[PDB]
Structures are given as C-alpha cells and as structure tokens.
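As structure tokens, the structure follows; a few thoughts come after it.
Position 1 is the first residue of the sequence; numbering continues from there. Excluded from the calculations below are hydrogen atoms, water molecules and symmetry mates; all remaining heavy atoms, backbone and side chain alike, are included. Start at 1 and go down the list; that is how both ligands and their atoms are numbered.
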Amino acid sequence: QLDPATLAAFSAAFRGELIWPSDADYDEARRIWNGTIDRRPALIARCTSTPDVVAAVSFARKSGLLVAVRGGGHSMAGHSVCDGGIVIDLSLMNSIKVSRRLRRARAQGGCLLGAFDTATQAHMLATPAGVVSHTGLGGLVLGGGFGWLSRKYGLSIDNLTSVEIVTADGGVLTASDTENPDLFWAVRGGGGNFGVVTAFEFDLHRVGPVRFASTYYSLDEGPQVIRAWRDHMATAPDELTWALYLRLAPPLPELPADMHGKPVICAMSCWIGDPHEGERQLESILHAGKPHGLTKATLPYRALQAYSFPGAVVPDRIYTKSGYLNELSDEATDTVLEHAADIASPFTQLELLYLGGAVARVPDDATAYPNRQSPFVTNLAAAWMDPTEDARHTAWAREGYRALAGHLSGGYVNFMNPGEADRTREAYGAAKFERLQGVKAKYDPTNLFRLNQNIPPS
Ligand SMILES: Cc1cc2nc3c(=O)[nH]c(=O)nc-3n(C[C@H](O)[C@H](O)[C@H](O)COP(=O)(O)OP(=O)(O)OC[C@H]3O[C@@H](n4cnc5c(N)ncnc54)[C@H](O)[C@@H]3O)c2cc1C
C-alpha cells in the first residue's frame, strides 16, 4: 500500500512503463534468467532514461520499497527481482555511442553484451566482456567482467573510464579517475551497492578476425588434457585463451553419435592477434588428446562472442558454486574428472577457466575486484529444466565444491548463488571489504541497494 501523493509524483516524473501485479504482462516481466527465483514485485518500473532512474530511486526511497535493479537479468543469485518491492528495470536503456576516432563506447546501463559488441564491431572495435551474448553489461561490468579478450586487454572494468550513476539520495554523479574517484574504485568490482549505473564509458581496441577452435576430448584422455592445459597456461602469451568446459557432449553432427550425452571436456580456444599465428598456436594446444568434433574458424569478434555455448540451449533453472585456485594440482584434477563423470543434466558445465595475463598485471588495490593473482576459476554451473529435479543438480554443485574446498579460495561475486550472502567477506578479503564499507557509508548509508552481493555500510 503506497502513499497516493508520492506515487502521483513518481508517475508524473517517470516517462517509462509501470507494470503492476494485475497487469497481463506482469508474470513474464518478473521472470529472470535463473528460473528457480520466483518472486512477485509490488511494481516493475521500465526506465527509459537517467531521469526515469532518478524518479524510480527516489520513489523507492520515499516509499520504503525494497529495490531490485535489473540490467540483463542474469544474476545467479536472483538479485534482479524481489518480493514486495520495486524492480528498477533498465532493459530498455540499450543505447551505445561509439567513436571510432577516439576508440570510446558509451553504453547505457541496460545493454546486453551482444548489442554492445554489435555497436563496437561496426567500427572493428571491441572491449572485454562475457562470453554469452544475452548477459547484461550492467551486472557483469560492476562485478569485474571477464571473457575472450581479458587475457589480452583485462577485465571489463580495466577498460572502464567513467560512469554516470544515480545514488540512493536521487543524485546523479559522474565517477572517474578524476571525479569521485572513491566511488569509481568501488563500482569497479563492488556490484550494484553504490547506485544505479545509467551509462558506462569504455576504451576500445581494434579486434579483427580471431582464429578459434572448439573440440571435445574423452574423459579417458582427461588427465593428460587437463595437465597439458594447466602446464601450458602458466607460461602462455596473453594472446592465447583456452578454456575447458566439462559437460555432457551435445548431440551435434560433428561428434560421433556414440559420444552424445556422455561426459566430455569441451575445450574452446582463441588467439587474439594475427590469425596465421593463431592457427599455429591453436594447433599446438589441440592434440594433448584426440580432438573429437573439432570446429576451427576465423571468426569476426562479434561471431566469437555469439558462439558460446555449443547446442545453443537456454536452461530454465540454474545453481552455481564457484571459487578461484592458485594452482591446479593433480589431486584437484582427479576430483574434477570424478565429479564431471557424475554430471546429470545436458546443460550443466564444470567450467575450468584461466585468467592471468593482463588481468593479473593490474595492481591488486587499483580496483575493488579481488583475486587477480589467482589465475584459475572453477565454476560448478548446474543447469537444468525439470522443476522436480532441483535437488539432485543442486547437490552435484554443492558436493563438488565441498570436495574441492581445500583448493578453492575467494569467489567471483558474479558467480554466487542465492544462498551465498555469507561469502562476501571472503570473496573480497578484509582490506577490500573494509574500504568498500567506507564507500558504502558515504554513498549508500541506508543500504537502499541491498539486492546484490551486499556490502553493509560502516
Ligand atoms: C549465461 C551466462 C553467462 C555468463 N558469462 C559470464 C562471463 O563470461 N563472464 C563474466 O564475467 N560473467 C559472466 N556471467 C555472470 C554475469 O557477470 C552476472 O550474472 C551478472 O550479474 C549479470 O548481469 P546482468 O545485468 O545480466 O544481471 P542482473 O540480474 O540484471 O543484475 C545483476 C546484479 O547487478 C546489479 N545491476 C545490474 N545492472 C546494474 C546497473 N546498471 N547499475 C547498477 N546495478 C546493476 C543488480 O542489482 C544485481 O545485483 C554470465 C552469466 C550468465 C547467466
């Protein structure tokens, strides 16, 4: 129940669409990518500009409504929808202004990655972001943001030069290395904790065609593939990215039918640089086991960004457990292969990522993103369809995580699940967490933005 005058003032200041529980489109509007999260907002405000966001933030503050902010809706924790509060939905704010001469993109806070990459690639430009096109730029960048271009050019945040942000008090600020730098530090890895980012400004790089390969190895040859991967990446040049996704093999014609539906290592690699050198480099990493279902291509960067993942199936229900490794021992490798053999759903992946490169050359304290010096990420990313099977898939991720817990430290805030609010301090570490709490005390002292990997003020 909402104060009529406060609601009147909000409606008159707001140029976008309000979606109420009685509206026919409410049920589709409140769904987020993680289908396990079924929540009923009091109101969904589809913002269309920075002043719309200002109006929505101030209305939420005045009315005491719990604030969810939604970019692309990919929160693995379900943060972009709430029960009984307001969803400040940015998905209609999808514009990107690209300067070819100045190598700059200014993107609104509701953009999807593929809209961004299309816009920068119209000029043969790019900057790092995630590997699945329909992820939101907003939440991805605010947690750090990594993908194919990160070993060469760093995290998304390592290319961010300024933001426009709406703070809890309704104010509009610019944050950069010269203006509100304290806030600028915090938004580079501190999530949505400090306000709603309505525009991100990035430096861009010239990224022409990319030599790429995807292939599948039997688990029989798994130990030698994973060992080759971990040994090779420790000294690989920044231009090579090579990631392992343990999963059931998808039923695609490049793979023999006898492999369909059985656990495999899906290895995907690319070279950011001359494609002739790329071909030599990829061939040098393709043969530690017999590559089944090999696809090799020289792709526009926009097509590399649109490629993941083989099978092109959007799962309905997901649960993730993730952490970093400083090293991948033989023991940890055996544990990964054992648990991969038990994967049940054709949409689950046990992901082994290697960052390092340019990400690790940024000084630890230059941004709020923790664990630059840990190059391995493991993500037990369970994903499935049947709502009656939740427990079995959730248990796979939980027990695989616990089996690896002696090797895992930290945690990427953007891979946290709905039950992982407790992991925030360990993910950031004591020093970063304390600094973040100080910025929170300055810019969000009432903790208006708490549907995120939350940093309470003080
Ligand atoms: C299929 C898939 C693939 C992914 N791949 C990668 C990958 O390759 N690399 C990687 O780094 N991560 C990846 N992620 C994780 C992704 O970084 C996080 O899920 C991220 O939070 C998604 O952002 P979003 O805007 O889509 O999500 P939302 O659920 O809309 O929001 C996520 C969080 O950010 C906040 N938020 C969103 N936009 C804004 C904004 N403009 N201003 C302020 N707060 C905001 C929300 O309040 C919430 O706390 C992937 C996720 C999915 C589901």
Short N or O distance, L90 and ligand 1, threshold 3.5 Å exclusive: no
Aromatic contact, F376 with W229 (centres under 6.0 Å): yes
Mode of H74 contact toward ligand 1 - side chain, backbone, both, neither (heavy atoms, under 4.0 Å): both
Nearest-neighbour protein heavy atom for atom 46 (C) of ligand 1, which is reported as residue plus atom name and distance: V69 O, 3.1 Å
Plane angle bin for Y369 and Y412 - parallel if under 30°, tilted between 30 and 60°, otherwise perpendicular: perpendicular
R392 (side chain) donor-acceptor with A344 (main chain) under 3.5 angstrom: no
Ligand 1 atoms in contact with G195 (distance to a heavy atom under 4.0 Å): 43 (C)
Test of proximity, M76 against ligand 1: N or O pairs below 3.5 Å: no
The single option from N414, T424, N193 passing side chain to side chain donor-acceptor pair (under 3.5 Å) against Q453: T424
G147, any N or O under 3.5 Å of ligand 1 N or O: no
ring-ring contact (aromatic ring centres under 6.0 Å, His included) partner of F146, chosen from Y324, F415, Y354: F415
Short N or O distance, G139 and ligand 1, threshold 3.5 Å exclusive: yes
Short N or O distance, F415 and ligand 1, threshold 3.5 Å exclusive: no
Ligand 1 versus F449: contacting region, heavy-atom distance under 4.0 Å: neither
Heavy atom of the protein closest to atom 12 (N) of ligand 1 (residue, atom name, distance): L140 CD1, 3.6 Å
Flag, side chain of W33 to backbone of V314, donor-acceptor distance under 3.5 Å: no
